[PDB]
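> Before we start, here is the structure in question, set down as structure tokens.
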Amino acid sequence: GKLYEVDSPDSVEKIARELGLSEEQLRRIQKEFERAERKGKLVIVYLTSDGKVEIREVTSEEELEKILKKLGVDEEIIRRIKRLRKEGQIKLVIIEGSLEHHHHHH
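Numbering of the sequence shown is given in the numbering used here, commencing with residue -1 and proceeding in unit increments.
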């Protein structure tokens, strides 16, 4: 699954339009985004293959790492997004679980 780096509330609407979200699912993530900014915390958001939205909060980047490991993102994303967290650039992360592909060898 892929991860989207979110720093602004308008980008939530651009990603909601890309993922095919409903108005209540958009309004949810924008409410979690302002509550993340108000409380000084990072929030993780997931889109399922069924088009459901799910939310998780973190205290520390070691919890963030354990959640990204649970959500099945690539290890590049876990270490790379951690550098954006160290620079404090991202207020919210959005993740897509519908992005399944095949790769095989002899």
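We put the CB at the ideal spot given by N, CA and C, even for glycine.
1) Going by DSSP in three states, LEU82 sits in which element: helix, strand or coil?
2) If you draw a straight line from the alpha carbon of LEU1 to that of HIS104, how long is it in whole angstroms?
3) Among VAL4, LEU69, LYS80 and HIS100, which residue has its Cα nearest to the Cα of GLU35?
4) Could you say if the region 38 to 57 and the region 14 to 30 meet the contact criterion of at least three C-beta pairs nearer than 8 Å?
5) Where in the region 17 to 61 do unbroken runs of the beta strand (DSSP E), each at least 3 residues long, occur, reported from the N-terminal end onward?
6) My guess is that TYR44 and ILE93 are in contact by the Cβ rule of under 8 Å, so how many angstroms apart are they, rounded?
7) What number of angstroms, rounded off, separates the C-alpha of residue 192 from the C-alpha of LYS64?
8) DSSP on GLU98, reduced to helix/strand/coil?
With the given structure in hand:
1) helix
2) Rounded to the nearest angstrom, the two C-alpha atoms are 30 Å apart.
3) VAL4
4) With contact defined as three or more Cβ pairs closer than 8 Å, the region 38 to 57 and the region 14 to 30 are in contact.
5) 40 to 45 and 51 to 56
6) 5 Å
7) Since the first and last residues shown for the chain are -1 and 104, residue 192 lies out of range.
8) coil
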